[PDB]
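Down below is the structure, laid out as structure tokens.
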Amino acid sequence: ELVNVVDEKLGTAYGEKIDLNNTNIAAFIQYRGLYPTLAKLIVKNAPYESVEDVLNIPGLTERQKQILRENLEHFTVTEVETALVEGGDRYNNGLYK
Amino acid sequence: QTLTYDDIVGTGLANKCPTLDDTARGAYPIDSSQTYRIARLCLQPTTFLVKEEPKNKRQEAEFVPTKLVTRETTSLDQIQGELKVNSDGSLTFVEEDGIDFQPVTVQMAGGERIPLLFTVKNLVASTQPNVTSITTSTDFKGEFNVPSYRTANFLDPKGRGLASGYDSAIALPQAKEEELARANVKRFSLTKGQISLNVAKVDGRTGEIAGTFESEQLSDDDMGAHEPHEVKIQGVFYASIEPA
Amino acid sequence: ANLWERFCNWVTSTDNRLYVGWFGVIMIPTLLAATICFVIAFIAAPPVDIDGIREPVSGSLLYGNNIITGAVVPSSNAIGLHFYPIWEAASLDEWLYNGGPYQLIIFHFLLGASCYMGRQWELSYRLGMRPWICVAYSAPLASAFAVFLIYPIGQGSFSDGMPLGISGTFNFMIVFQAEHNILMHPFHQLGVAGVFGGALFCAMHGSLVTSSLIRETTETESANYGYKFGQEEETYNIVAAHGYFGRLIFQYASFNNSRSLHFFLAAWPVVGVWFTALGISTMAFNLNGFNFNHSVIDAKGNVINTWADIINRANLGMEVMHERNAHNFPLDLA
Amino acid sequence: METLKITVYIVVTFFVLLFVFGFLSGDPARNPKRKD
Amino acid sequence: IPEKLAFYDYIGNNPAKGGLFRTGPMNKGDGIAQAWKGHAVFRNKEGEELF
Amino acid sequence: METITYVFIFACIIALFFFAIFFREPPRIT
Amino acid sequence: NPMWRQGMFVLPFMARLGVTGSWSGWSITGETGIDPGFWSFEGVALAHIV
Amino acid sequence: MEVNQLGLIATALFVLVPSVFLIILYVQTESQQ
Amino acid sequence: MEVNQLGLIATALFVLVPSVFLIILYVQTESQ
Amino acid sequence: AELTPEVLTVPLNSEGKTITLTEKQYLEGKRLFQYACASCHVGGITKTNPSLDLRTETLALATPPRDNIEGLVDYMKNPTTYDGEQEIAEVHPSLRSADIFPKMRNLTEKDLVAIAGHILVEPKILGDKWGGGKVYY
Ligand code: CLA
Ligand code: CLA
Ligand code: CLA
Ligand SMILES: CC(C)=CCC/C(C)=C/CC/C(C)=C\CC/C(C)=C/CC/C(C)=C/CC/C(C)=C\CC/C(C)=C/CC/C(C)=C\CC/C(C)=C/CC1=CC(=O)C(C)=C(C)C1=O
Ligand code: HEC
Ligand SMILES: CC1=C(/C=C/C(C)=C/C=C/C(C)=C/C=C/C=C(C)/C=C/C=C(C)/C=C/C2=C(C)CCCC2(C)C)C(C)(C)CCC1
Ligand code: OEX
Ligand SMILES: [Cl-]
Ligand SMILES: [Cl-]
């Protein structure tokens, strides 16, 4: 009945892909063209119902729509986990090197 | 004529919200066809009251008063937000951003320290309908979010945490864990609070307003460890309005 | 026969069981203030938010501590080096949460211990002694200034002065090693040399005098009764002691003059502890012990570890864990 | 708190003048051999 | 597998896991042994045996 | 009872201090 | 849960003559947040030690 | 705290018994002269 | 048997203390 | 083990051509990297933005690719962000910004290759240490 919600989230798509509703912004560095600009924008306009919802962000240049399409298979969306998004923890989660 | 940091530093006045002349009894009118934002909302607590736990049933304990032990670190300020005019003429303020939390610990009679995250986070506060003018009889009522006092990375004194730390009582390697499940598994609460903001002073020239507030929220639950207390906060507020 | 003059004579009287003096006039009040506050805090103070992160640490006995884990906890990091007397607090309850009692205790203590040293000069002058015993005591006193005042000044906070407690002492010395590599610092190596050397010379001098007691007692009595307080003759044969230790080593590595010998005993641990106190005082400005992390590499350029790198690994384990909640940015710069 | 502040200030001032005036009252001369 | 043999293969009976002021019998610490639960086998999602 | 035990020993040492100083055997010469 | 149920022997002799409050802010009468001044249960004890 | 209950009898005997010993020998030393 | 655990320390000191008193007084009589 | 020319062979450009430094060039760059860069980039990390490092696999993923001499030499002339979208000469040392970063003034073009090459060789020698942080010290 007492669960660690973060461990439980490691057993979702969250634990395999960049979760557009929950993952720290530093993740978007693992794929080219996405950090800092598109990443900043993805975090601001979250949350998302579907992975494809990010192609609907206002302000996108066609080059940017290109890069997101190029990478949607690296994305997923799960429900917002409060523990992961409160505290500004999507910009800085206390992890450095 | 204003003050400078060096006039203030060390006074305590940095924790105080700005005040309005006792002359300011005018009113500030609202063009339903204009838009408006709150530039500075400043909320200054004066009183902290903690609900007691009445042991038996039909007693419903009272709000007793408390000592503050964390000094002049209590006030919310630099808060901005939209100020909408809804269809029926009510105004709704939607917090955006600001220094909108302060950790506070108060001590009740007996020794018990009560920590609490005093906040107006994600606050929406509305008026009655048909305003047309913010006056010294206006009331805002609304509700806000109270996240966990500690956030996900907080490690307890034995290294236990939610997004970090140990998952067990490592100092007791072959102790039966079922007892300690509550202290081993951390939980990130997210509750709601409520606030009334009564206007009692209005400079109609400048769009400044000021008055009194009362909010009710929950104290720290130490990431699941224990049950929270109920907290009533009273104080004074000051806000400034700008045609957006 | 005039009043101030009679008081002045009582103050400096060599006839009081314990000597007062003009330095004693300051020390007694300040040492009672520090002592009375320490005793009450240690037994009954509520927990103290030493690190300024609203995470209070319990140090007193009534709050779950024993003799080994208890401490009067340093004042809160929110205060830094700011002065925090009782009268600057909204209430005693605030003063206690923020670690007020620590400041009170250490300030009165350092004062009265400074006057304690002065009192060692003063009474020496009133008895017609040579004056320099107080110089010897300045080595320990300097050490206390280092961990209670100097180290906090350069690090910016009384929250990194030494806890008044047995485990808190150990907390302090672990963290110091992670942040300054004090073991690799030469001045700490001389303090060890001073403190091992002192214990060795204490045993050497005590065994050598004890080995050359002149027979004055029978088998059924404490030889100690062979000395009577105030006797004019010496109670051991130093020529015989020189004759033994000279041959245990060689003749010229041993003393035949008692004055050089006793000044040697004085100087060695005093000097060494000046240095270790200077080491703490100078690592307060982060001039740290030698760093040879990765100093050795091979022809390709691989790191070839030494024992220094092993030390560094232990140091790291300290760094990353200490005050686990109090750091929001990647460097602990104080 | 202010009654306390005043009091501590008075206690401290009084012991420090004791000290200062005490050493001004002919300290070099209070030894066992040569008085002056 | 006789239980007596598996009970040897347990660090709780290793004499170098004690402590100087942890007093009394070994039973005061981890408790009184009652039964062997079986030998535990870990496999990942691929089916590799894990140790 | 742990608290009480610790304070009682400490208290006793302070009283022993007292007797060791004011009620020492007084040293006497030659 | 009054004092006489808790085996309190001397607490009532202080209460009998007017000492009713503690420095931690409670009174035996039940009132929360109260300023007893020096002559609380704590202070009376203290003075007997001195 | 959940502490060892023989701790108390242990500490008391640790203190009392060597102490009484020292006292017994002291007082009979004084009774001689 | 669920007995009172201060019973041990109470019996122990009840024996020890007055017995030490008597021994102290007998031995210092014998040495004068 | 020794500094062989294998380990000193590094890609020149993204086409895939390579270039083989001298030991002397390798040690040239090491010297210049401690002079101009290491106050922030010791061990191949970045103390003021730990999220970006100088591991070859992070560099290969920058826009434009920086896992090669041309891309490195260019970055030291006209730095950009990881996605390539904003020039950052104003806050990162670069020849373009030698007015505000005076250590970059007396760097000749060959000094730039030495530095770039040191950076591409060191991961080949130190392993995960390069860019790994204190975990691997
Ligand atoms: C065989 C064991 C051994 C030896 C030889 C040493 C020797 C030393 N240790 Mg070490 N140490 C030891 C065990 C040992 N230690 C143990 C068990 C511990 C606890 C684990 C430590 C912990 C320790 C620490 C923490 C430190 C030392 C330090 C030192 C140095 C100072 C010692 C000192 O002044 O002592 C007092 C002794 C004397 C005053 C007598 C003189 C001592 C020297 C060694 C004799 C030299 C004779 C010389 C060769 C001349 C001969 C020829 C002559 C006729 C011309 C010295 C190199 C310090 C250090 O590292 O300095 C670099 C230091 O900080 N030691
Ligand atoms: C074999 C290993 C070894 C040895 C021999 C030493 C030896 C020493 N260390 Mg090192 N140390 C070690 C390992 C070792 N250390 C390790 C592994 C670490 C890292 C984890 C450290 C970390 C370390 C730190 C961080 C510090 C030392 C310090 C010291 C010195 C402590 C003694 C001192 O300061 O006296 C000096 C004397 C005093 C401090 C006494 C002052 C007493 C006042 C004047 C009087 C007090 C009165 C009292 C309250 C009331 C009594 C009255 C009575 C009637 C009741 C000494 C040179 C300390 C030092 O250099 O301080 C300057 C220090 O701060 N060490
Ligand atoms: C060689 C002697 C020896 C050994 C190895 C054992 C071993 C054992 N006994 Mg047995 N026992 C012994 C002698 C011994 N006993 C004696 C003499 C008695 C009569 C007093 C008993 C009475 C006894 C009882 C009643 C019980 C045991 C039990 C036990 C078991 C656990 C004991 C434990 O937790 O220790 C704990 C040990 C310590 C905490 C270490 C204490 C060491 C102190 C600190 C040293 C003192 C230091 C000194 C004062 C310093 C000053 C020096 C300086 C000033 C000069 C263990 C199998 C227990 C058991 O499980 O039975 C089924 C049990 O209940 N023993
Ligand atoms: C193939 C083949 C066959 C190979 C060949 C191998 C072969 C066979 C080899 C064998 C060699 C051989 C046969 C042996 C001879 C070699 C030999 C010389 C061995 C060297 C041994 C050696 C290293 C000895 C140790 C040296 C050493 C530690 C001593 C140096 C001096 C020393 C540190 C002394 C301390 C002095 C000190 C600091 C001060 C005094 C201490 C102190 C203050 C005491 C107080 C005190 C002092 C007094 O004085 C008196 C009075 C009184 C009152 C008093 O309080
Ligand atoms: C601190 C003051 C620095 C100094 C000195 C140098 N660099 Fe740096 N570097 C710094 C930051 C804050 C950043 C990130 C900039 C961003 O937001 O994108 C960087 C980045 C680099 C990179 C790119 C790494 C990547 O993974 O894309 C490189 C290649 C780099 N820096 C190289 C470099 C060199 C060679 C330097 C000395 C000549 C140098 N930097 C100095 C901070 C700092
Ligand atoms: C009863 C009771 C109890 C118990 C108790 C006890 C156990 C007791 C103890 C007691 C004690 C055990 C006491 C002690 C005391 C002591 C003292 C009183 C001391 C004194 C000292 C002095 C006086 C000092 C002095 C000095 C000077 C002056 C100078 C310097 C030096 C010196 C410091 C020395 C209980 C709680 C359970 C409960 C209730 C009741
Ligand atoms: O508090 Mn005490 O300890 Ca000297 O560093 Mn920074 O701070 Mn905290 O950390 Mn590491
Ligand atoms: Cl710590
Ligand atoms: Cl930080």
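What is reported rests on the model, the rules as stated and the sources as named; none is laboratory data. FYI the Cβ positions are ideal-geometry reconstructions off the backbone, even for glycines, and counts take in every protein chain you see.
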Note to self: So, in the stretch C:30-67, exactly how many residues are in a helix (DSSP H, G or I), surrounded by fewer than 18 Cβ atoms within 10 Å (Cβ to Cβ) and of a type outside the set (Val, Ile, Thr)?
What the structure shows: 2
Notebook entry, point to check: Which residues, taken from the stretch J:2-36, are assigned to a loop (DSSP other than H, G, I, E, B) and within 22 Å of J:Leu107 (Cβ to Cβ)?
Noted result: J:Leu8, J:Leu12, J:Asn13, J:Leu21, J:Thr22
Next item on the list: Filter the strands (runs of 3 or more DSSP E) completely within the stretch B:14-98 down to those with at least 2 residues that are within 18 Å of the chain's Cα centre (by Cα) and in the same structural domain as B:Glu242 (by CATH).
Entry: B:36-51, B:63-65, B:76-85
Check: Which ones in the stretch D:3-29 are facing another protein chain (nearest Cβ under 7 Å) and over 16 Å from the mean Cα position of the chain (by Cα)?
Finding: D:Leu4, D:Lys5
Checklist line | Qualifying position, being under 15 Å from C:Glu323 (Cα atoms) and either surrounded by 17 or more Cβ atoms within 10 Å (Cβ to Cβ) or away from ligand 9 (no atom under 16 Å from the Cβ) (or both), among C:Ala193, C:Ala178 | finding: C:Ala178
Margin query: Restricting to the stretch C:288-334, and then to whatever is facing chain J (nearest Cβ under 9 Å) and within 16 Å of ligand 5 (Cβ to nearest atom), can you tell me which residue is surrounded by the fewest Cβ atoms within 10 Å (Cβ to Cβ)?
Written below: C:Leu331
Margin query: Condition (residue is of a type in the set (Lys, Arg) and surrounded by fewer than 17 Cβ atoms within 10 Å (Cβ to Cβ)) applied to the stretch B:81-103: is it met by at least one residue?
Written below: yes
Margin query: Among the numbered criteria (1) aliphatic (A, V, I, L, M); (2) more than 22 Å from C:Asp332 (Cβ to Cβ); (3) near ligand 7 (Cβ under 10 Å from one of its atoms), which one does C:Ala139 miss?
Written below: (3)
Check: Can you name the residue in the stretch A:7-24 that is surrounded by fewer than 19 Cβ atoms within 10 Å (Cβ to Cβ) and hydrophobic (A, V, I, L, M, F, W, C) and is also nearest to the other protein chains (Cβ to nearest Cβ) among such residues?
Finding: A:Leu10
Check: Given the structure, is B:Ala39 within 14 Å of chain G (Cβ to nearest Cβ) and either under 21 Å from B:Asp221 (Cβ atoms) or not polar (S, T, N, Q) (or both)?
Finding: no
Item checked: Qualifying helices (runs of 4 or more DSSP H) (wholly inside the stretch C:231-334; at least 3 residues being closer than 20 Å to C:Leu190 by Cα and of a type outside the set (A, V, I, L, M)) -> C:258-283
Notebook entry, point to check: Only one of C:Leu213, C:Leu190 is farther than 30 Å from C:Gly279 by Cβ, among the hydrophobic types (A, V, I, L, M, F, W, C) and either away from chain F (no Cβ under 14 Å) or more than 16 Å from ligand 2 (Cβ to nearest atom) (or both); which?
Noted result: C:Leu213
Check: Taking the condition in contact with a helix residue (DSSP H, G or I) (Cβ under 7 Å, 6 or more places away or on another chain) and within 21 Å of A:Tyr35 (Cα to Cα), does J:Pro123 pass?
Finding: no
Check: Given the residues C:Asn257, C:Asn237, C:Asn305, which is the only one that is under 30 Å from C:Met173 (Cα atoms) and either among the polar types (S, T, N, Q) or in contact with a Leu (Cβ under 8 Å, 6 or more places away or on another chain) (or both)?
Finding: C:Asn305
Notebook entry, point to check: Within the stretch C:274-289, is even one residue of a type in the set (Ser, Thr, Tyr) and within 16 Å of ligand 7 (Cβ to nearest atom)?
Noted result: yes
Check: Can you spot a residue in the stretch J:37-60 that is assigned to a helix (DSSP H, G or I), within 9 Å of ligand 5 (Cβ to nearest atom) and under 27 Å from A:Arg63 (Cα atoms)?
Finding: yes
Checklist line | Options J:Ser94, J:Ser14; residue that is surrounded by fewer than 19 Cβ atoms within 10 Å (Cβ to Cβ) and over 23 Å from J:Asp128 (Cβ atoms) | finding: J:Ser14
Notebook entry, point to check: If we keep just the residues of the stretch B:62-91 that are within 14 Å of another protein chain (Cβ to nearest Cβ) and charged (D, E, K, R), which is nearest to B:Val106 (Cα to Cα)?
Noted result: B:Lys67
